[PDB]
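Working notes for the structure below.
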Amino acid sequence: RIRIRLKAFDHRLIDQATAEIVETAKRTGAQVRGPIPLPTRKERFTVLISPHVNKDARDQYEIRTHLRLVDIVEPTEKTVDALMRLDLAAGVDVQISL
Amino acid sequence: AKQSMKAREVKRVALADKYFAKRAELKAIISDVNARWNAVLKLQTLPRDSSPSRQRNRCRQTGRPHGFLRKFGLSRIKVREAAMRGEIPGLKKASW
Amino acid sequence: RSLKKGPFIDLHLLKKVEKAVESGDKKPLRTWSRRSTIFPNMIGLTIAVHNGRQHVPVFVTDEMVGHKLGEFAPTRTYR
Amino acid sequence: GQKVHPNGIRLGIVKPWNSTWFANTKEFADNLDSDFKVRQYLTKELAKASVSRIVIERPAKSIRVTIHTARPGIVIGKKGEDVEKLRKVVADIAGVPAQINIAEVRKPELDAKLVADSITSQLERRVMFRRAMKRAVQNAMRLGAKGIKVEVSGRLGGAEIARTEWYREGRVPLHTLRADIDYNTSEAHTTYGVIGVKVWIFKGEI
Amino acid sequence: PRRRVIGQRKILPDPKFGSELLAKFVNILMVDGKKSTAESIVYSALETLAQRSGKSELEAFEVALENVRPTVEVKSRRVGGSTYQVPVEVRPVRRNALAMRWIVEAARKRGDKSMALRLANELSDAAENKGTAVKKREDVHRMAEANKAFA
Amino acid sequence: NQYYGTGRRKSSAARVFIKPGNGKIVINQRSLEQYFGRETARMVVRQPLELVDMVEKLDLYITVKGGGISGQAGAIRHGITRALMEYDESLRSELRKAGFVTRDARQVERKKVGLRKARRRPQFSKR
RNA sequence: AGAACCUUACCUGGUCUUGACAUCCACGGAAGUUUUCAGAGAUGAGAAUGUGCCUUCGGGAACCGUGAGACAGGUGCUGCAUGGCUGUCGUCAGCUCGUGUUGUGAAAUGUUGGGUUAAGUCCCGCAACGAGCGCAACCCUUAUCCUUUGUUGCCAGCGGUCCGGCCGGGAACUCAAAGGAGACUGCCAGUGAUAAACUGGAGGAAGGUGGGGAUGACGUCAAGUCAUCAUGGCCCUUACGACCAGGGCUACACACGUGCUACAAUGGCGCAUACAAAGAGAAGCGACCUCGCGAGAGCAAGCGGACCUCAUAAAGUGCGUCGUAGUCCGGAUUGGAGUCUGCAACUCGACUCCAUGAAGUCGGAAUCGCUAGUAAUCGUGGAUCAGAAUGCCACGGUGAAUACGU
């Protein structure tokens with residue numbers, strides 16, 4: 001319906017983007033349950049630090065994938081207007097699907 | 001990093017769409033328990049360098065044939081050189 | 001053991017085997033490919049298997065059909 | 001020479017980004033190719049322009065590339081004379097609709113890459129490294145920069161043996177995570193050898 | 001253990017009988033960190049001990065272990081370019097510690113069927129002494145008294 | 001109203017409930033003897049109920065997941081002590097001495113580079 | 001972080017020499033998708049169609065063939081010319097600069113002392129007064145609570161029930177990720193120059209840098225890396241380049257290291273049964289279902305993923321059997337017969353079936369690690385990758401012994 005799901009890399013990026021979408025929706029419309037935090041998948045990589053030998057020292061790498069789910073419960077024609085194209089995208093992949 | 005073997009990659013990768021991929025639909029359903037005729041396996045006189053897992057997957061910048069990661073598409077050294085200069089979003093010092 | 005249904009061989013050597021039947025056998029055929037298995041039609045014929053120096057004159061026999069061409073030519077020189 | 005790189009260590013703590021974009025693991029590998037490929041050509045065309053640093057992003061099947069510079073006049077030019085040809089080739093390499101931004105870097109002596117490129121470019125002139133390094137030192141506390149230090153390594157003054165002979169002034173806390181540290185590595189293209197220029201700059205505590 | 005002196009952390013008591021002495025005992029026998037298979041041997045040994053001898057549960061192994069308590073032990077010096085063994089009185093914490101070890105180590109040397117049985121055999125011969133632990137308890141005893149000089 | 005307590009022990013999280021009724025044990029819709037707790041850590045679930053006047057005092061419903069046999073048992077051990085809030089923090093004063101309200105900070109150690117599992121440095125050749 | 005071709009450099013052969021790859025000149029040809037014959041292949045020699053976006057006619061940009069020199073190429077040489085990166089002493093607590101002073105000067109002082117700390121930590125003292133690197137702190141994760149949010153997560157009070165959180169519902173709770181509180185020798189007691197600090201107690205989930213990671217000073221070993229890359233110089237250049245096929249890197253009278261698997265009744269075997277965490281997955285992971293003893297095969301949902309798939313975790317536990325033997329220990333080696341990935345499994349594989357069942361019964365001098373959720377032991381996942389882990393990285397289960405002392 002309005003089943004939204006995004007993904008951001010930094011510990012706090014979406015928190016302001018998924019904040020502004022709430023008061024855009026709940027002010028003009030109604031309901032709007034709010035941003036569900038969801039589990040963060042963290043893809044951990046480990047590779048050899050030196051070009052030759054030196055396996056005993058390695059630098060560990062990680063990429064955190066932070067999810068959010070808004071889910072506006074009120075699909076009014078007033079609230080769907082003046083909401084889209086206020087995303088001001090900082091990279092984050094917006095997706096609207098079941 | 002030995003531009004010949006890197007040029008040999010450009011040949012090897014570019015052959016994968018012509019001789020195989022499309023025409024490698026042959027041998028998939030064809031070489032199977034059906035109905036035999038052995039003329040299907042006589043189509044394997046093709047140049048061979050198109051093979052689906054023939055590339056070493058050298059690093060995209062340098063061309064090291066070692067420490068390649070499928071995620072970044074680069075070698076561990078060029079991962080670290082880049083990683084310390086940022087460039088990979090969400091990448092930092094891992095500790096937990 | 002391996003190779004599932006059907007014994008795998010190369011195309012160029014299959015023509016060489018059929019050449020020895022149709023045109024008739026003459027001398028040991030010098031072949032670089034070691035991938036092709038021996039067949040019943042290859043019994044009686046002469047071939048030569050390359051292995052990093054020169055083609056070794058290997059003779060085909062009844063019970064050699066089960067094994068490969070490259071088994072009869074050891075690559076690594078010892079002693 | 002065993003040290004953590006000041007930028008990378010401070011990415012999690014106190015930097016915005018060197019790449020603000022988001023992407024998925026499937027297209028990530030070919031996406032990272034285009035990020036270094038554009039910068040390879042961009043550094044060539046902005047060689048005389050004195051580029052400090054640029055930040056790539058891809059907002060939903062597009063590409064921005066926010067470019068900074070010490071000299072905005074050489075990058076911008078008359079109207080959109082210089083920017084139109086830059087933005088054209090960025091769209092061709094990326095294979096997508098390309099935007100572009102401009103950002104004037106006040107006080108070019110406060111950036112790492114600008115000072116590193118300024119000091120290393122003087123090596124092709126064949127001047128004294130002691131003075132060339134001291135020219136960056138002489139104006140440290142004058143305009144900004146609560147601390148700053150410069151290192152060179154190997155082939156000093158066309159010598160046979162290779163020394164280091166680094167130099168430092170002010171306060172440069174290399175292991176204080178909250179401390180703002182600007183750093184970038186650069187190399188020389190001189191006929192007498194390759195000297196690497198490392199410059200650590202300290203702006204403030206928070 | 002040069003600067004830092006530990007607080008000697010206390011293990012929990014035996015879950016059936018409640019004896020903190022047997023909590024250390026099961027842990028000596030415990031190999032591969034298996035407490036469940038360790039105690040199963042311990043109880044099966046202790047049940048066969050008190051049944052055969054016809055004594056009570058807690059004081060069967062205690063009076064048994066009291067016979068295998070070492071009086072004194074020795075410590076190697078290495079000071080003036082020679083090995084000197086100096087005899088010292090083992091404290092009650094270390095007294096039963098070596099006792100439980102040498103019972104389990106003596107039962108380990110036996111060639112009998114089960115661990116419950118072979119351990120119980122050494123517990124059975126603890127009160128009246130023919131076995132290997134009761135031989136092992138006074139090994140240094142002969143070396144001691146000869147080293148009464150160094151004190 | 002119900003008398004709730006959480007508790008946990010080495011990534012094993014329990015959810016304890018207490019009431020005034022009968023002393024039948026119900027864990028994950030299963031009995032205490034049918035909760036397989038026969039060997040050491042048999043009565044660590046009722047370790048916080050060792051030194052109390054009970055006979056057959058309270059209903060108890062508990063539910064633990066995560067970790068193993070002993071970790072889940074210590075989650076029930078620490079969980080019941082939080083559920084003693086029916087008697088507020090008056091009975092805690094004696095329970096502080098026992099150290100059952102004390103939550104175990106000991107967690108399994110991470111695997112480290114050049115080490116077999118968290119500590120063991122792999123042996124080197126002679127000198 | 002993975003030599004069956006490829007990789008791959010090295011070898012034996014077959015070939016090419018402005019070249020496989022990049023810029024420039026001239027010249028003809030759209031590129032290219034079609035096929036045949038010969039050769040192991042690199043490849044040369046034919047027959048097809050096509051001839052496309054700009055052109056006062058000399059042409060363009062893509063790409064292809066030819067020829068010409070400038071060059072291109074070099075995993076070749078020098079880590080005793082270097083950049084970059086890194087091991088190690090060492091996560092040891094040190095190492096220096098300013099002025100000032102001391103000495104004729106090298107230097108010293110500072111940073112010599114007395115206490116104290118994990119620590120050049122802090123205190124007092126001081127011919128030095130200050131600063132800076134390093135330590136500490138700031139970061140991440142974990143121990144606890146509060147607030148924000150309630151699906152795919154979760155199920156307590158309620159009814160409906162096919163006894164399945166499954167369907168209303170319920171928002172508590174666990175779980176989940178955002179922001180906060182909480183641990184500072186401070187509250188108290190004793191000692192201590194009355195200072196720092198120390199020892200103990202109270203509170204608290206967590207007390208004396210809480211636990212772990214990240215974090216590695218000035219420098220040493222002309223330590224490693226010209227082989228990832230970059231690069232000075234040198235050298236080869238119809239060859240030390242380039243392409244192809246097969247071979248080698250996997251050899252076998254030897255020596256050592258690093259591991260797995262054992263020698264077993266804390267155990268083997270068979271049946272039944274309970275309890276995890278962290279991941280991965282669209283050129284993918286594969287239910288359920290059917291076939292085969294099995295490796296897998298055919299059919300074939302859902303899920304770009306708290307949903308669906310890999311995934312039925314093992315130790316453990318309940319019975320039975322085995323009862324001290326080279327054995328129901330142990331699994332090697334070898335034979336016969338299969339599957340899978342892939343042009344391809346002989347050199348040179350993984351895995352399955354049947355059969356064979358070496359050595360080995362706790363191992364010589366000596367030697368390696370570890371102080372608590374650790375040693376030990378038992379499983380799982382990932383990266384690499386078409387396909388090959390006992391390695392490596394990551395995760396959890398159960399879980400000790402002993403620290404008198406330098």
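Chain labels A, B, ... are given in the sequence in which chains occur in the structure tokens; within each chain residues are numbered consecutively from 1, and ligands are likewise numbered from 1 in the order shown.
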
For residue 56 of chain F, please output as a PyMOL selection string all residues within 12 Å (counting only C-alpha atoms (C1' of nucleotides); exclusion window: fewer than 5 positions along the same chain).
chain F and resi 19-25+49

Save the residues we just selected, N, CA and C atoms, as a PDB file, in the first residue's frame?
ATOM      1  N   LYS F  19       2.789 -15.438  39.897  1.00  0.00           N
ATOM      2  CA  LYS F  19       1.392 -15.241  40.323  1.00  0.00           C
ATOM      3  C   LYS F  19       1.172 -15.931  41.691  1.00  0.00           C
ATOM      4  N   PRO F  20       0.020 -15.689  42.360  1.00  0.00           N
ATOM      5  CA  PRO F  20      -0.212 -16.297  43.692  1.00  0.00           C
ATOM      6  C   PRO F  20      -0.597 -17.799  43.766  1.00  0.00           C
ATOM      7  N   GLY F  21      -0.843 -18.468  42.634  1.00  0.00           N
ATOM      8  CA  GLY F  21      -1.412 -19.831  42.626  1.00  0.00           C
ATOM      9  C   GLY F  21      -0.453 -20.996  42.864  1.00  0.00           C
ATOM     10  N   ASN F  22      -0.659 -22.094  42.124  1.00  0.00           N
ATOM     11  CA  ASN F  22      -0.004 -23.394  42.387  1.00  0.00           C
ATOM     12  C   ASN F  22       1.392 -23.548  41.788  1.00  0.00           C
ATOM     13  N   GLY F  23       2.186 -24.442  42.374  1.00  0.00           N
ATOM     14  CA  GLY F  23       3.617 -24.576  42.060  1.00  0.00           C
ATOM     15  C   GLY F  23       4.013 -25.531  40.946  1.00  0.00           C
ATOM     16  N   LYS F  24       3.102 -25.795  40.005  1.00  0.00           N
ATOM     17  CA  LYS F  24       3.446 -26.486  38.754  1.00  0.00           C
ATOM     18  C   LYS F  24       4.363 -25.604  37.895  1.00  0.00           C
ATOM     19  N   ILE F  25       5.450 -26.192  37.391  1.00  0.00           N
ATOM     20  CA  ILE F  25       6.412 -25.487  36.542  1.00  0.00           C
ATOM     21  C   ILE F  25       5.983 -25.678  35.087  1.00  0.00           C
ATOM     22  N   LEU F  49      15.240 -19.546  44.325  1.00  0.00           N
ATOM     23  CA  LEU F  49      14.248 -20.062  45.275  1.00  0.00           C
ATOM     24  C   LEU F  49      14.813 -21.135  46.242  1.00  0.00           C
TER      25      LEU F  49
END

From a DSSP pass on the backbone, collect the residues of segment 40-92 of chain F flagged as strand (DSSP E) and hand them back as an mmCIF file with C-alpha atoms, in the first residue's frame.
data_model
loop_
_atom_site.group_PDB
_atom_site.id
_atom_site.type_symbol
_atom_site.label_atom_id
_atom_site.label_comp_id
_atom_site.auth_asym_id
_atom_site.auth_seq_id
_atom_site.Cartn_x
_atom_site.Cartn_y
_atom_site.Cartn_z
ATOM 1 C CA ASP F 59 2.332 -19.987 39.820
ATOM 2 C CA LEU F 60 5.346 -19.704 37.494
ATOM 3 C CA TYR F 61 5.364 -19.406 33.693
ATOM 4 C CA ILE F 62 8.797 -19.039 32.039
ATOM 5 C CA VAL F 64 13.690 -19.082 27.326
ATOM 6 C CA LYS F 65 15.351 -19.192 23.881
#

Write out as an NGL selection string which residues come within 9 Å of segment 166-178 of chain D when counting only C-alpha atoms (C1' of nucleotides), dropping same-chain ones fewer than 3 positions away.
(:D and (4 or 6 or 9-10 or 13-14 or 133-134 or 137 or 140-141 or 145-153 or 181 or 200-202 or 205-206)) or (:G and (132-133 or 137-139 or 215))

With 6 Å as the limit and counting only C-alpha atoms, what residues in chain D lie close to chain A? Please list them as a PyMOL selection string.
chain D and resi 21-22+59

Only C-alpha atoms, please: the residues just picked out, written as a CSV table (one decimal), in the first residue's frame.
chain,number,residue,atom,x,y,z
D,21,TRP,CA,26.4,7.6,-2.6
D,22,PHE,CA,24.4,4.5,-1.8
D,59,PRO,CA,21.2,10.1,-6.7

Taking only C-alpha atoms (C1' of nucleotides) into account, what are the residues of chain G at most 6 Å from chain B, put as a count of residues only?
13

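The spacing separating atom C1' of residue 354 of chain G from atom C1' of residue 290 of chain G amounts to 26.4 Å.
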
Return the neighbours of chain B among the residues of chain C, cut-off 9 Å, counting only C-alpha atoms, as an NGL selection string.
:C and (6 or 8-12)

Got time to write the residues from that selection, C-alpha atoms, as a PDB file, in the first residue's frame?
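Result file follows (result17.pdb):
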ATOM      1  CA  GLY C   6      29.143 -41.047 -23.223  1.00  0.00           C
ATOM      2  CA  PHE C   8      34.262 -37.602 -24.266  1.00  0.00           C
ATOM      3  CA  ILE C   9      36.700 -37.189 -27.186  1.00  0.00           C
ATOM      4  CA  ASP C  10      38.030 -34.373 -29.415  1.00  0.00           C
ATOM      5  CA  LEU C  11      36.671 -33.746 -32.944  1.00  0.00           C
ATOM      6  CA  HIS C  12      40.021 -33.514 -34.788  1.00  0.00           C
TER       7      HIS C  12
END

Quick one: residues within 10 Å of residue 393 of chain G, only C-alpha atoms (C1' of nucleotides) counted, chain neighbours fewer than 3 positions away excluded, as a PDB file with N, CA and C atoms (P, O5', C5', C4', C3', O3' and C1' of nucleotides), in the first residue's frame?
ATOM      1  N   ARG A  44      31.020  -8.183   6.872  1.00  0.00           N
ATOM      2  CA  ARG A  44      32.391  -8.071   7.390  1.00  0.00           C
ATOM      3  C   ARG A  44      33.389  -8.715   6.428  1.00  0.00           C
ATOM      4  N   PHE A  45      34.389  -7.939   5.998  1.00  0.00           N
ATOM      5  CA  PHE A  45      35.489  -8.422   5.148  1.00  0.00           C
ATOM      6  C   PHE A  45      36.821  -8.334   5.894  1.00  0.00           C
ATOM      7  N   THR A  46      37.731  -9.259   5.585  1.00  0.00           N
ATOM      8  CA  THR A  46      39.084  -9.277   6.153  1.00  0.00           C
ATOM      9  C   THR A  46      40.077  -9.644   5.051  1.00  0.00           C
ATOM     10  N   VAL A  47      41.078  -8.785   4.845  1.00  0.00           N
ATOM     11  CA  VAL A  47      42.121  -8.993   3.832  1.00  0.00           C
ATOM     12  C   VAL A  47      43.510  -8.689   4.392  1.00  0.00           C
ATOM     13  N   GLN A  60      40.753  -5.370   9.495  1.00  0.00           N
ATOM     14  CA  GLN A  60      39.374  -5.844   9.372  1.00  0.00           C
ATOM     15  C   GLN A  60      38.484  -4.723   8.844  1.00  0.00           C
TER      16      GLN A  60
ATOM     17  N   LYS F 111      37.076 -14.174  17.867  1.00  0.00           N
ATOM     18  CA  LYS F 111      38.256 -14.751  17.211  1.00  0.00           C
ATOM     19  C   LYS F 111      39.147 -13.616  16.697  1.00  0.00           C
ATOM     20  N   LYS F 112      40.459 -13.761  16.895  1.00  0.00           N
ATOM     21  CA  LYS F 112      41.446 -12.712  16.605  1.00  0.00           C
ATOM     22  C   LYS F 112      42.436 -13.165  15.531  1.00  0.00           C
ATOM     23  N   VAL F 113      42.988 -12.198  14.793  1.00  0.00           N
ATOM     24  CA  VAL F 113      43.946 -12.475  13.705  1.00  0.00           C
ATOM     25  C   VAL F 113      45.288 -13.005  14.230  1.00  0.00           C
TER      26      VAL F 113
ATOM     27  P     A G   1      45.403 -19.202   0.052  1.00  0.00           P
ATOM     28  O5'   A G   1      44.231 -18.490  -0.762  1.00  0.00           O
ATOM     29  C5'   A G   1      42.987 -18.135  -0.126  1.00  0.00           C
ATOM     30  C4'   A G   1      42.177 -17.189  -0.987  1.00  0.00           C
ATOM     31  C3'   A G   1      42.914 -15.964  -1.542  1.00  0.00           C
ATOM     32  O3'   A G   1      42.440 -15.594  -2.836  1.00  0.00           O
ATOM     33  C1'   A G   1      41.115 -15.243  -0.230  1.00  0.00           C
ATOM     34  P     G G 382      27.757 -20.332   3.754  1.00  0.00           P
ATOM     35  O5'   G G 382      28.804 -19.134   3.698  1.00  0.00           O
ATOM     36  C5'   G G 382      28.363 -17.765   3.722  1.00  0.00           C
ATOM     37  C4'   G G 382      29.508 -16.832   4.048  1.00  0.00           C
ATOM     38  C3'   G G 382      30.584 -16.683   2.985  1.00  0.00           C
ATOM     39  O3'   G G 382      30.147 -15.789   1.966  1.00  0.00           O
ATOM     40  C1'   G G 382      31.609 -16.972   5.089  1.00  0.00           C
ATOM     41  P     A G 383      30.548 -16.013   0.427  1.00  0.00           P
ATOM     42  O5'   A G 383      32.004 -15.376   0.342  1.00  0.00           O
ATOM     43  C5'   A G 383      32.234 -13.997   0.686  1.00  0.00           C
ATOM     44  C4'   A G 383      33.690 -13.767   1.012  1.00  0.00           C
ATOM     45  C3'   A G 383      34.691 -14.136  -0.077  1.00  0.00           C
ATOM     46  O3'   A G 383      34.757 -13.111  -1.062  1.00  0.00           O
ATOM     47  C1'   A G 383      35.452 -14.965   1.997  1.00  0.00           C
TER      48        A G 383
END

Dump as a count of residues only the residues of chain G that approach chain C to within 8 Å, counting only C-alpha atoms (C1' of nucleotides).
15

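Secondary structure by DSSP on the backbone puts the following residues of chain C in helix (DSSP H, G or I): residues 11, 12, 13, 14, 15, 16, 17, 18, 19, 20, 21, 22, 40, 41, 42, 62, 63 and 64 of chain C.
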
Got time to write the residues from that selection, C-alpha atoms, as an mmCIF file, in the first residue's frame?
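And here is the file that came out, part_35.cif:
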data_model
loop_
_atom_site.group_PDB
_atom_site.id
_atom_site.type_symbol
_atom_site.label_atom_id
_atom_site.label_comp_id
_atom_site.auth_asym_id
_atom_site.auth_seq_id
_atom_site.Cartn_x
_atom_site.Cartn_y
_atom_site.Cartn_z
ATOM 1 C CA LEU C 11 36.671 -33.746 -32.944
ATOM 2 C CA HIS C 12 40.021 -33.514 -34.788
ATOM 3 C CA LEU C 13 41.173 -36.935 -33.473
ATOM 4 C CA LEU C 14 37.787 -38.572 -34.314
ATOM 5 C CA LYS C 15 38.383 -37.597 -37.963
ATOM 6 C CA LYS C 16 41.917 -39.079 -37.654
ATOM 7 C CA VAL C 17 40.421 -42.378 -36.342
ATOM 8 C CA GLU C 18 37.873 -42.480 -39.221
ATOM 9 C CA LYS C 19 40.714 -41.524 -41.644
ATOM 10 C CA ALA C 20 42.671 -44.643 -40.547
ATOM 11 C CA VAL C 21 39.620 -46.862 -41.362
ATOM 12 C CA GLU C 22 38.459 -45.225 -44.638
ATOM 13 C CA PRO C 40 37.115 -50.280 -30.194
ATOM 14 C CA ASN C 41 37.685 -48.881 -33.742
ATOM 15 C CA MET C 42 41.137 -47.623 -32.579
ATOM 16 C CA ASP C 62 41.702 -54.596 -26.750
ATOM 17 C CA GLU C 63 41.781 -53.800 -22.978
ATOM 18 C CA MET C 64 43.238 -50.249 -23.494
#

Report as a Markdown table: every residue of chain F with an atom at most 9 Å from chain G, its closest pair of atoms, and their distance in Å to one decimal, counting only C-alpha atoms (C1' of nucleotides), with rows sorted by chain and ascending residue number.
| residue | atom | partner | partner_atom | distance |
| --- | --- | --- | --- | --- |
| F:1 | CA | G:157 | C1' | 8.5 |
| F:2 | CA | G:156 | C1' | 8.1 |
| F:4 | CA | G:173 | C1' | 8.6 |
| F:6 | CA | G:174 | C1' | 8.0 |
| F:10 | CA | G:373 | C1' | 8.8 |
| F:11 | CA | G:277 | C1' | 8.3 |
| F:12 | CA | G:276 | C1' | 9.0 |
| F:13 | CA | G:174 | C1' | 6.9 |
| F:14 | CA | G:174 | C1' | 7.2 |
| F:15 | CA | G:174 | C1' | 6.8 |
| F:17 | CA | G:156 | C1' | 8.4 |
| F:35 | CA | G:274 | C1' | 8.3 |
| F:36 | CA | G:274 | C1' | 7.2 |
| F:38 | CA | G:317 | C1' | 8.9 |
| F:64 | CA | G:174 | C1' | 8.9 |
| F:65 | CA | G:275 | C1' | 8.5 |
| F:66 | CA | G:276 | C1' | 5.8 |
| F:67 | CA | G:276 | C1' | 4.6 |
| F:68 | CA | G:275 | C1' | 4.8 |
| F:69 | CA | G:275 | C1' | 5.5 |
| F:70 | CA | G:398 | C1' | 7.8 |
| F:72 | CA | G:275 | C1' | 8.3 |
| F:101 | CA | G:205 | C1' | 7.8 |
| F:102 | CA | G:205 | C1' | 6.1 |
| F:103 | CA | G:205 | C1' | 5.3 |
| F:104 | CA | G:143 | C1' | 7.3 |
| F:105 | CA | G:143 | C1' | 4.9 |
| F:106 | CA | G:373 | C1' | 5.4 |
| F:107 | CA | G:373 | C1' | 5.8 |
| F:108 | CA | G:373 | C1' | 5.5 |
| F:109 | CA | G:212 | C1' | 6.9 |
| F:110 | CA | G:212 | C1' | 7.4 |
| F:111 | CA | G:394 | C1' | 7.2 |
| F:112 | CA | G:213 | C1' | 8.9 |
| F:113 | CA | G:393 | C1' | 8.1 |
| F:118 | CA | G:374 | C1' | 8.5 |
| F:119 | CA | G:370 | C1' | 7.0 |
| F:120 | CA | G:369 | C1' | 5.7 |
| F:121 | CA | G:369 | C1' | 6.2 |
| F:122 | CA | G:369 | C1' | 7.3 |
| F:123 | CA | G:368 | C1' | 4.8 |
| F:124 | CA | G:368 | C1' | 6.9 |
| F:125 | CA | G:257 | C1' | 6.2 |
| F:126 | CA | G:367 | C1' | 7.1 |

Of the residues B:50, B:60, B:9, B:79, which is the one nearest to chain D, using only C-alpha atoms?
B:60

Excluding residue 73 of chain A and residues on its chain fewer than 4 positions from it, collect all residues at most 9 Å away from it, counting only C-alpha atoms (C1' of nucleotides), and give them as a ChimeraX atom specification.
/A:1-3,30-33

Keeping only N, CA and C atoms, write those residues as a PDB file, in the first residue's frame.
ATOM      1  N   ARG A   1       0.851  -1.239   0.000  1.00  0.00           N
ATOM      2  CA  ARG A   1       0.000   0.000   0.000  1.00  0.00           C
ATOM      3  C   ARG A   1       0.873   1.272   0.000  1.00  0.00           C
ATOM      4  N   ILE A   2       1.411   1.651   1.165  1.00  0.00           N
ATOM      5  CA  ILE A   2       2.482   2.658   1.272  1.00  0.00           C
ATOM      6  C   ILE A   2       3.637   1.986   2.043  1.00  0.00           C
ATOM      7  N   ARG A   3       3.948   0.745   1.657  1.00  0.00           N
ATOM      8  CA  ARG A   3       4.975  -0.060   2.327  1.00  0.00           C
ATOM      9  C   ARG A   3       6.352   0.368   1.820  1.00  0.00           C
ATOM     10  N   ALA A  30      -3.344  11.523   8.543  1.00  0.00           N
ATOM     11  CA  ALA A  30      -3.569  10.944   9.874  1.00  0.00           C
ATOM     12  C   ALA A  30      -2.897   9.570   9.988  1.00  0.00           C
ATOM     13  N   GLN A  31      -2.995   8.962  11.173  1.00  0.00           N
ATOM     14  CA  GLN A  31      -2.360   7.673  11.498  1.00  0.00           C
ATOM     15  C   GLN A  31      -0.819   7.795  11.447  1.00  0.00           C
ATOM     16  N   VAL A  32      -0.149   7.189  10.453  1.00  0.00           N
ATOM     17  CA  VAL A  32       1.326   7.148  10.351  1.00  0.00           C
ATOM     18  C   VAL A  32       1.954   6.525  11.608  1.00  0.00           C
ATOM     19  N   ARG A  33       2.121   5.202  11.591  1.00  0.00           N
ATOM     20  CA  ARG A  33       2.583   4.461  12.771  1.00  0.00           C
ATOM     21  C   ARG A  33       4.008   4.854  13.162  1.00  0.00           C
TER      22      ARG A  33
END

What are the closest atom pairs, with distances in Å to one decimal, for all residues of chain F lying within 10 Å of chain E? Consider only C-alpha atoms, order rows by chain and residue number, and present the result as a Markdown table.
| residue | atom | partner | partner_atom | distance |
| --- | --- | --- | --- | --- |
| F:38 | CA | E:36 | CA | 9.3 |
| F:39 | CA | E:36 | CA | 5.9 |
| F:40 | CA | E:15 | CA | 5.8 |
| F:41 | CA | E:15 | CA | 7.2 |
| F:42 | CA | E:15 | CA | 7.4 |
| F:43 | CA | E:15 | CA | 7.5 |
| F:44 | CA | E:15 | CA | 8.6 |

One decimal place gives the atom CA of residue 51 of chain E-atom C1' of residue 324 of chain G separation as 26.0 Å

Once you count only C-alpha atoms, what closest atom pair and distance in Å to one decimal does each residue of chain A within 8 Å of chain F have, with rows by chain and rising residue number, as a Markdown table?
| residue | atom | partner | partner_atom | distance |
| --- | --- | --- | --- | --- |
| A:55 | CA | F:114 | CA | 7.5 |
| A:56 | CA | F:114 | CA | 4.7 |
| A:57 | CA | F:113 | CA | 6.8 |
| A:58 | CA | F:113 | CA | 6.8 |
